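K.L.:
I have a structure I would like to understand better, so I am pasting it below and will then ask my questions one at a time.
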Amino acid sequence: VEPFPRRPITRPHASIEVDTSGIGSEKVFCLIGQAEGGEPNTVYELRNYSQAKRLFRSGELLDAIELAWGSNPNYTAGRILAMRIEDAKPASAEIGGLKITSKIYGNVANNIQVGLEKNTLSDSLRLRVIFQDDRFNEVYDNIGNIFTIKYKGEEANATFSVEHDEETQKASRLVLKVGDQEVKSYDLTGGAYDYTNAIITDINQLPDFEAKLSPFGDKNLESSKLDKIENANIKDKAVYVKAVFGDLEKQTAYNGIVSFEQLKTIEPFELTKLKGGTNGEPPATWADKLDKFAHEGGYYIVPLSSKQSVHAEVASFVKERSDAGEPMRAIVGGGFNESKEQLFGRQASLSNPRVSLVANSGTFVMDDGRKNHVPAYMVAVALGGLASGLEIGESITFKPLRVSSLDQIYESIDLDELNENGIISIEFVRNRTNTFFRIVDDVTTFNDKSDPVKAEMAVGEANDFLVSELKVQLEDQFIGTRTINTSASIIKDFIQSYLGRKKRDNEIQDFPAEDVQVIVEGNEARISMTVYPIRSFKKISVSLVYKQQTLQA
Amino acid sequence: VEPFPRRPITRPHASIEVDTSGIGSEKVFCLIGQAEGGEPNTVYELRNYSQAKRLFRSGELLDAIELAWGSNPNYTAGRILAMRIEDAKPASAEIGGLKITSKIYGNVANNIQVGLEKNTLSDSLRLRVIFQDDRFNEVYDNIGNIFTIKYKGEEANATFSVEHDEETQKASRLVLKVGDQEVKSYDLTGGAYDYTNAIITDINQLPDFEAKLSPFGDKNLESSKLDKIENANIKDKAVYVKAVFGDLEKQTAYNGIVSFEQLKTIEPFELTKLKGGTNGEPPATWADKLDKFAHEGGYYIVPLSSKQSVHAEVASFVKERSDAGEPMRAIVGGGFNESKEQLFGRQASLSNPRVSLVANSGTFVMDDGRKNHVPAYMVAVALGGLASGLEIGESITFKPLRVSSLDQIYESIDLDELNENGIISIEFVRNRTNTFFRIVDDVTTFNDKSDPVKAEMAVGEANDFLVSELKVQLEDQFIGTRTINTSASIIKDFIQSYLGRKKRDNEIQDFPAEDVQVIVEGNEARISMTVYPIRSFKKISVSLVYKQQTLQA
Amino acid sequence: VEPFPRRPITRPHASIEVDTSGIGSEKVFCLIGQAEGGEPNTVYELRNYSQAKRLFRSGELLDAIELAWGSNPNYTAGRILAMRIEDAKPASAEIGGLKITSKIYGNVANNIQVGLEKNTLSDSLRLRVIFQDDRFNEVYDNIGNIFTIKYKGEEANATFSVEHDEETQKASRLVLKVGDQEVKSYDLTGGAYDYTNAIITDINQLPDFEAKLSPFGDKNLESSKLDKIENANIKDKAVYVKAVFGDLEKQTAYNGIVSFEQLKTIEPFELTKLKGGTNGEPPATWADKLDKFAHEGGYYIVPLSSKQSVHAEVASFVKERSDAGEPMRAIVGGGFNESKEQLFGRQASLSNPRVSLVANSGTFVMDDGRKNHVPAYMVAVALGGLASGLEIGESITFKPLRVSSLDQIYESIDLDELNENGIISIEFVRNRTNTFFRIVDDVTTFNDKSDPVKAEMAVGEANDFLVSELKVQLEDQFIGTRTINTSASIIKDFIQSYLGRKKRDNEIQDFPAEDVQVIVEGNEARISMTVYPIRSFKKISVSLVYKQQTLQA
């Protein structure tokens, strides 16, 4: 209830109290794997394939992103979170007065070329960056030369100088001198002369002194970044304030590929390739990498590795966040053409409800046209991408996969054994001319089918979102509010509205409103409710009975 | 019951007895800290930021006032009480016949310039005050020259004189003389000639004598403040009564920055800066400073100091006033980036229910645009300002803080430890894309959670206002009244109405009216009542049960 | 009953008496074993695996903590208390003027590298700490240089000096000198100048002297820790107050890994590894180690050692605390693949009701993915962790263990013999396709089944908590209170409420309220009550009878 006016006034007036009340999940997907681009130990939100390609130049991670969106052409393309396992470092080369560092991480950055050239005609530096891999070749001409200072008085000579603070090595004053005595000085510490634009205007106001901004773009460099000049004759010719280092930052802070830093005097240097780019050895464990996905809001994670050790770390990670109120689930796959006996070993080792094992491996036709044969865990990306695109509580059972072929075409008996052992399998449907692949079931590694929440991904998924969303909403709404007499009624109304939305979105089957009871006593507020969970069909029984009928007339 | 007429009359009449009955907390915030303005050991009521800036030129105290109102944009901006710890003294300079003293206290007053100039054309002084810090430059022209006296008679000469009392050095008589003998005299002791306006009118009434008030404003100076003049020729030229000292007081008693006092003959002096301005050494203890806030009506106090000794003095101060019937509470913070171990030492030392410790420190964006990093106790100002703006019995739990960033982002485990030790902590919410900061709890230093009155600020706040308001109202109403037979019924009705208002304002949950019993015996009047206190939600338990449902048709 | 106002006043007033009454176990787990981190003979409260890993780098103790929480995925993860048996010592190296000591205890601390470098440009020290094991590498630049002092007067020279107390070697005065005579001095003993911040403000107030705080963070070092300087010229250049030792403490008292102490003049030294780290020989007896767990509030303890001597010490320890009013229980296991005959020897030696022996040993799949084969006593951690997570009075009978495999799969006859000898055994259930492991019984070493309190852990656990909780609550409530007439009734009401809560939580079966009798006579207060204890099902008898039924129509 926002009052009006906010400042109280004791004199007669009219006060208006404005009540703004009454008018006021995404299920993000995650991927971890090798890549040739992007910062290490950093999570990037992905919405289009173009963004991923620009960020991740190439690798298995980029293919996983492509396959995730292609698994569900008929559903919305959701967000994807990506990370580079490789501990890459940026290419750098210390030449001249500038410490050159490349924003690209890995061996690809070693091909970057950087060189400075001095234009004798304009007395300005020229930076050129060449990178053949991206076909990038641009020249930053007219570096420095921010503006001119000219003197038209009848005196013998006029000079100007710039003073720098010893501690910070930043310009602090700009004194205009005619003859010996000082005429006027501008303080560059701050305030009135934060930027050079104010300095130019004041110079023109003087009778004899004049100044003009350079035509090569609107620089507007800070006054503190001006270079050190002393005893420069103005009357003979116009003197250009260089500020070479400041101009580079403006044109390279958020543009180009190469960044620059100051160690020294900046001078031209020949075109030389950068060095030091190294992807580095692969990480010993992925536990540190997974921790960065803790508060990113993702639900499904598909580690792009066939190692059983990597699967165990992800299995513990999803369990850890679920215990902390941020449930997650994992889908993994083992190697190339693994047999049933090998798959049982992987499933027995994990035995986690929040982990699913994918057996089938096959070949997928990419956008480039490659019939790239991929291992099992790349198939899990399609299942994970399909699962993320589906609504809350939906299942991936009997859904299409859109796979060109599979290494192993399991028979009916083989599929049953994998299902009994809690392993996801993909069957080639030969019952129709238009043959296609489909997922037999979304069963988890936890083989106890008595508990459908743990056994079935879809049932557990609805429980997690239902429980998690209710947990967050209640805290923001009711905690910290007064325990008024109508608190119990308000809480009951909020619960019914929340459950009604779930029924509206088919996230739950139904709930009895009468059984929703709220008890408030002191700080505690006990709540009890009944909900009929949503379930996915997995068995249809038909009892066909034949009977006789008598005809007449 | 006001009678009418108030004077009794025994003759036949009609008397009317008029009964005017039946038709007939702010929670002010307090701040103490360094400042560059305002009198020492003085409490000033603040309602707008402009008033504080004019009073307090600059310092950490002014920033605290700005932060207090900015912490709750959605609530009313309440009053703030401010004090300057520095024992500043006023700048002064004894030059000429006037003792010059500056109303501004501190080193800033040393820049004040004061000078007198004499206008030969008008024979009047001219005062000019220059103060470059405020860009203040005004001239008080035509000092003195209150009025004229003229004589148009045919006699040879006419003169007037003014006599002053030796003991008081104040004018007592004003005699108009023609030739040698006296014509008429005006007594300036008092009564008919308290002010000079009456003197001017009487002079004009005479045949030959005339007078006119000066056109340079309506002075109306007192007759006692007139200057001493003897044997002044009137016929040759009009004589101006100067009264130089009296005119200065009229134009400077409640205007300008500089005050003046008389030590001596007043004469012009050159423009000279004042001296003696000194903020002084900081106080050894704040106990004397806090005593001035005893009867100011404030509830929340936030000492702007990180010293543990200062916190202890405020901890004792709030306890002292609570024992005297004026409860108060304190919020403090320790230094920059203090660790958990340091915070436990501060909390253990105090162990006061009426004191709260703030751990987090961060940076706030001020109205000027400065990203000023501030210590923990400045964050307490936002909590104190937020608490003051909230209604009675409300809590600051889970409320927003509007802070740019925090030095330490405590994890979930770290926040629990601080809460268990009775320390307020601020958490960065990463569960949503629109991340924001919030207060986990308003727990006090007293760790005994069994007593929510002492442990919880909101619960104790409601108890203090409920108890304090009831204490004051009963004394003003019932003490001193007759113990009539219906006294018990009237007291019971008053209690029910008072408790009904609390329920109306949601300051209490509910009360049973039947249990309210009043017993009157002699001077004593025993009262017993039951009240269900208002409480803030801090735990919500949900028991979700899944069940099967059968569908048909 | 808190009165209001607390200070009595004899004048007429209104007094309010506030009665705050009417509005006002965890079963912690314990572990002892080898570890590569943490202080010796210290108990640390553990709530997350991340905290344990940071504290305990590696060892069997860390695995036990991981296994304890993983044994009960469906129950709350309770607190765990951990201790390092190894008498490790911290690595240290006396080089230069600083005594370097490492907070990490053991041989791992020997890899820590510490080195000081002097920055000629800023005249400030630079500390760098390298520790490859944690990949920790940070540089504490700009050590010292707390603030500057500058003089702008027209005098010939200005100097300042610092005086130190001989007894304490702490700064006491800071004198500013111009020419020969002293101008002003600041007393650093205490009070007005406890911290350097007050000194800086006062210096700026002077006409000529100026000072500015260093920009490299908010240090605010104490004035007593300032370094000794004498006869330092100020006019020529600004003089930096170093205080090298004080700055190190601020940045390392509660940050970093390495602590520092002063023996001497501090000077730079080359990068050198620390020495003296030694885990030490293992303790001869664990009796001293167990004493630290006396008042930590734990109930279950699992010594991570197969030695029979270690088991006996823990067996005596739990008995000792139970006699003192702090009951505890122990679970132990013997070696690898011990036979039945060996297990009988261990059980016969102990014969303690508060000790349980675990026979089975097997392999557990850790979060890292290791199929680590472990001895029997590591299995007891899962049982102990499962028992701690269960409610009060619950049993671990027939509960799942979640173990990959067991060394010995006991037959039906073998399990009965172990149960008859009071030894816990784990059976592989082959009666279903979804085979799993379960605990046959929670019988203690005390084979006398006639006393279920001693024989059964669950029954004895309920008795201990019921007796212990009642013991503590009665002392805090009734001891020290007056023996009023209604004391017996109040005690009876308290007992009924306490027993009602136990029935509400299913900690007891039922109690008759009528039989609760309270007798008060003098100091003594005799109490008598009847309680039906809660019991766990261990035998179900079914009497199935077949009969004939006649049908008609």
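So you can find residues: chains in the structure tokens are A, B, ... in the order shown, residues in each start at 1, and ligands are numbered from 1 in order.
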Taking only C-alpha atoms into account, find every residue of chain C that has an atom no more than 6 Å from chain A, and write it out as number ranges by chain.

P.N.:
C: 367-369

K.L.:
Let's see if you can do this: from backbone DSSP, list all helix (DSSP H, G or I) residues in stretch 124-321 of chain C, as a PyMOL selection string.

P.N.:
chain C and resi 196-205+223-225+244-252+287-291+308-321

K.L.:
Got time to write the residues from that selection, N, CA and C atoms, as a short mmCIF file (atom, residue, chain, number, x, y, z; two decimals), in the first residue's frame?

P.N.:
```cif
data_model
loop_
_atom_site.label_atom_id
_atom_site.label_comp_id
_atom_site.auth_asym_id
_atom_site.auth_seq_id
_atom_site.Cartn_x
_atom_site.Cartn_y
_atom_site.Cartn_z
N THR C 196 43.63 4.91 13.65
CA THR C 196 44.31 5.92 12.85
C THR C 196 43.34 6.84 12.11
N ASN C 197 42.07 6.45 11.99
CA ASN C 197 41.11 7.28 11.26
C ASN C 197 40.93 8.64 11.92
N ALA C 198 40.86 8.66 13.26
CA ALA C 198 40.72 9.93 13.97
C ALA C 198 41.95 10.81 13.78
N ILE C 199 43.14 10.21 13.70
CA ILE C 199 44.36 10.98 13.52
C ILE C 199 44.36 11.68 12.17
N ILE C 200 43.89 10.99 11.13
CA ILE C 200 43.90 11.57 9.78
C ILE C 200 42.99 12.79 9.72
N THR C 201 41.81 12.70 10.33
CA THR C 201 40.87 13.81 10.28
C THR C 201 41.42 15.04 10.98
N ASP C 202 42.05 14.86 12.14
CA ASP C 202 42.59 16.00 12.88
C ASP C 202 43.74 16.67 12.13
N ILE C 203 44.55 15.89 11.42
CA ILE C 203 45.68 16.46 10.68
C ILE C 203 45.17 17.40 9.59
N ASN C 204 44.12 17.00 8.88
CA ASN C 204 43.59 17.83 7.80
C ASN C 204 43.03 19.15 8.33
N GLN C 205 42.54 19.16 9.58
CA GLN C 205 41.97 20.38 10.14
C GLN C 205 43.02 21.47 10.34
N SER C 223 46.33 2.68 16.17
CA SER C 223 47.44 3.61 16.33
C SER C 223 48.60 3.00 17.09
N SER C 224 48.33 2.05 17.99
CA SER C 224 49.39 1.44 18.77
C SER C 224 50.33 0.59 17.92
N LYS C 225 49.88 0.13 16.75
CA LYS C 225 50.67 -0.74 15.89
C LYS C 225 51.51 0.02 14.87
N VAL C 244 54.36 -2.07 8.90
CA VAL C 244 54.37 -3.27 8.06
C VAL C 244 53.75 -4.46 8.79
N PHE C 245 54.04 -4.62 10.08
CA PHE C 245 53.52 -5.78 10.81
C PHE C 245 52.02 -5.68 11.02
N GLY C 246 51.52 -4.47 11.31
CA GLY C 246 50.09 -4.32 11.55
C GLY C 246 49.25 -4.62 10.33
N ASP C 247 49.74 -4.23 9.14
CA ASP C 247 48.98 -4.48 7.92
C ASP C 247 48.88 -5.97 7.61
N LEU C 248 49.92 -6.74 7.93
CA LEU C 248 49.88 -8.18 7.67
C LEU C 248 48.79 -8.86 8.47
N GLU C 249 48.63 -8.47 9.74
CA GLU C 249 47.61 -9.10 10.58
C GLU C 249 46.21 -8.85 10.05
N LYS C 250 45.95 -7.63 9.56
CA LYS C 250 44.62 -7.31 9.06
C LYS C 250 44.24 -8.18 7.87
N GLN C 251 45.20 -8.44 6.98
CA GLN C 251 44.96 -9.21 5.77
C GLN C 251 45.18 -10.71 5.95
N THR C 252 45.60 -11.17 7.14
CA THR C 252 45.88 -12.58 7.38
C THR C 252 45.34 -13.12 8.69
N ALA C 287 41.45 -43.04 24.77
CA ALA C 287 40.66 -42.57 25.91
C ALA C 287 40.69 -41.05 26.00
N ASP C 288 41.85 -40.44 25.79
CA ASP C 288 41.94 -38.98 25.84
C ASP C 288 41.14 -38.34 24.71
N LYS C 289 41.15 -38.96 23.53
CA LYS C 289 40.41 -38.41 22.40
C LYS C 289 38.91 -38.41 22.66
N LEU C 290 38.40 -39.49 23.27
CA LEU C 290 36.96 -39.61 23.48
C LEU C 290 36.44 -38.60 24.50
N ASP C 291 37.30 -38.15 25.42
CA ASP C 291 36.85 -37.24 26.47
C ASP C 291 36.36 -35.91 25.90
N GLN C 308 40.44 -54.44 19.03
CA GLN C 308 39.56 -54.73 20.15
C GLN C 308 39.81 -53.78 21.32
N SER C 309 41.06 -53.34 21.49
CA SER C 309 41.37 -52.40 22.57
C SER C 309 40.64 -51.08 22.37
N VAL C 310 40.57 -50.60 21.12
CA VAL C 310 39.86 -49.35 20.84
C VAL C 310 38.38 -49.51 21.14
N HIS C 311 37.81 -50.67 20.82
CA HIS C 311 36.40 -50.91 21.10
C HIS C 311 36.12 -50.88 22.59
N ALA C 312 37.02 -51.44 23.39
CA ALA C 312 36.82 -51.47 24.84
C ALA C 312 36.82 -50.06 25.42
N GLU C 313 37.71 -49.19 24.94
CA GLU C 313 37.76 -47.83 25.45
C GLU C 313 36.46 -47.08 25.14
N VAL C 314 35.95 -47.24 23.92
CA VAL C 314 34.68 -46.61 23.57
C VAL C 314 33.54 -47.23 24.36
N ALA C 315 33.62 -48.53 24.63
CA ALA C 315 32.60 -49.19 25.44
C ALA C 315 32.55 -48.61 26.85
N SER C 316 33.72 -48.33 27.43
CA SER C 316 33.76 -47.70 28.74
C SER C 316 33.34 -46.24 28.68
N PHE C 317 33.64 -45.56 27.58
CA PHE C 317 33.32 -44.14 27.47
C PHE C 317 31.82 -43.91 27.47
N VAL C 318 31.08 -44.67 26.66
CA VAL C 318 29.63 -44.50 26.60
C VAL C 318 28.99 -44.85 27.94
N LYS C 319 29.54 -45.85 28.63
CA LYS C 319 29.05 -46.19 29.96
C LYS C 319 29.29 -45.04 30.94
N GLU C 320 30.45 -44.40 30.85
CA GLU C 320 30.78 -43.32 31.78
C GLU C 320 29.82 -42.15 31.64
N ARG C 321 29.53 -41.74 30.40
CA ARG C 321 28.64 -40.60 30.20
C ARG C 321 27.20 -40.94 30.56
#
```

K.L.:
Tell me, as JSON, numbers by chain, which residues lie within 12 Å of residue C:18, counting only C-alpha atoms; anything in the same chain fewer than 3 positions away does not count.

P.N.:
{"B": [453, 460, 463, 464, 466, 467, 468, 528, 529, 530, 531], "C": [1, 2, 3, 4, 5, 6, 15, 21, 22]}

K.L.:
Between atom CA of residue A:69 and atom CA of residue A:134, measure the distance and give it in Å to one decimal.

P.N.:
25.4 Å

K.L.:
Taking the backbone alone, and naming residues the way the document does, which bits of stretch 213-361 of chain A are strand (DSSP E or B) by DSSP, as a ChimeraX atom specification?

P.N.:
/A:213,222,232-233,239-240,258-262,272-273,275,278,298-303,329-333,355-358

K.L.:
Can you pull out the residues contacting residue A:92? Cut-off 10 Å, using only C-alpha atoms, and skip same-chain residues under 6 positions away; I want them as an mmCIF file with N, CA and C atoms, in the first residue's frame.

P.N.:
```
data_model
loop_
_atom_site.group_PDB
_atom_site.id
_atom_site.type_symbol
_atom_site.label_atom_id
_atom_site.label_comp_id
_atom_site.auth_asym_id
_atom_site.auth_seq_id
_atom_site.Cartn_x
_atom_site.Cartn_y
_atom_site.Cartn_z
ATOM 1 N N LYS A 99 50.984 -4.664 -23.236
ATOM 2 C CA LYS A 99 50.830 -6.085 -22.944
ATOM 3 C C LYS A 99 49.607 -6.590 -23.700
ATOM 4 N N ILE A 100 49.841 -7.363 -24.755
ATOM 5 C CA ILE A 100 48.778 -7.817 -25.644
ATOM 6 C C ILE A 100 48.227 -9.132 -25.110
ATOM 7 N N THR A 101 46.900 -9.214 -25.007
ATOM 8 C CA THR A 101 46.210 -10.418 -24.566
ATOM 9 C C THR A 101 45.008 -10.653 -25.466
ATOM 10 N N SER A 102 44.771 -11.917 -25.806
ATOM 11 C CA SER A 102 43.694 -12.307 -26.706
ATOM 12 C C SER A 102 42.496 -12.805 -25.909
ATOM 13 N N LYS A 103 41.307 -12.330 -26.284
ATOM 14 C CA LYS A 103 40.080 -12.764 -25.630
ATOM 15 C C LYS A 103 39.739 -14.219 -25.924
ATOM 16 N N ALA A 109 43.917 -19.081 -30.555
ATOM 17 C CA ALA A 109 44.348 -17.703 -30.352
ATOM 18 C C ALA A 109 45.789 -17.465 -30.789
ATOM 19 N N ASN A 110 46.596 -18.520 -30.924
ATOM 20 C CA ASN A 110 47.987 -18.350 -31.331
ATOM 21 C C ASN A 110 48.121 -17.792 -32.742
ATOM 22 N N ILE A 112 46.483 -15.313 -33.945
ATOM 23 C CA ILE A 112 46.179 -13.888 -33.978
ATOM 24 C C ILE A 112 47.460 -13.100 -34.217
ATOM 25 N N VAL A 258 41.229 -8.558 -29.717
ATOM 26 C CA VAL A 258 42.444 -8.406 -28.926
ATOM 27 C C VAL A 258 42.256 -7.257 -27.945
ATOM 28 N N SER A 259 42.617 -7.496 -26.688
ATOM 29 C CA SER A 259 42.663 -6.475 -25.652
ATOM 30 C C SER A 259 44.104 -6.030 -25.430
ATOM 31 N N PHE A 260 44.253 -4.837 -24.852
ATOM 32 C CA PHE A 260 45.555 -4.227 -24.623
ATOM 33 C C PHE A 260 45.640 -3.693 -23.200
ATOM 34 N N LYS A 273 52.904 -12.817 -34.461
ATOM 35 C CA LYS A 273 51.873 -13.698 -33.933
ATOM 36 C C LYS A 273 51.963 -13.786 -32.414
ATOM 37 N N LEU A 274 50.806 -13.959 -31.781
ATOM 38 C CA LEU A 274 50.755 -14.140 -30.340
ATOM 39 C C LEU A 274 51.183 -15.556 -29.967
ATOM 40 N N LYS A 275 51.507 -15.736 -28.687
ATOM 41 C CA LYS A 275 51.971 -17.013 -28.163
ATOM 42 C C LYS A 275 51.335 -17.251 -26.801
ATOM 43 N N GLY A 276 51.601 -18.432 -26.244
ATOM 44 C CA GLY A 276 51.098 -18.808 -24.942
ATOM 45 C C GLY A 276 49.746 -19.490 -24.945
ATOM 46 N N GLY A 277 49.067 -19.552 -26.087
ATOM 47 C CA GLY A 277 47.790 -20.245 -26.147
ATOM 48 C C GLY A 277 47.971 -21.732 -25.899
#
```

K.L.:
I'd like the neighbourhood of residue C:177 as an mmCIF file with C-alpha atoms, in the first residue's frame, where a residue qualifies if any of its atoms comes within 9 Å (using only C-alpha atoms), though same-chain residues fewer than 6 positions away should be ignored.

P.N.:
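Below you can see selection20.cif, which holds the result:
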```cif
data_model
loop_
_atom_site.group_PDB
_atom_site.id
_atom_site.type_symbol
_atom_site.label_atom_id
_atom_site.label_comp_id
_atom_site.auth_asym_id
_atom_site.auth_seq_id
_atom_site.Cartn_x
_atom_site.Cartn_y
_atom_site.Cartn_z
ATOM 1 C CA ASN C 157 61.251 22.504 7.206
ATOM 2 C CA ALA C 158 58.723 20.268 8.946
ATOM 3 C CA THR C 159 59.285 16.863 10.549
ATOM 4 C CA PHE C 160 57.341 14.278 12.537
ATOM 5 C CA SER C 161 58.325 11.440 14.854
ATOM 6 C CA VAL C 183 53.512 22.291 17.096
ATOM 7 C CA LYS C 184 51.018 19.594 18.096
ATOM 8 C CA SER C 185 51.113 15.990 19.302
#
```
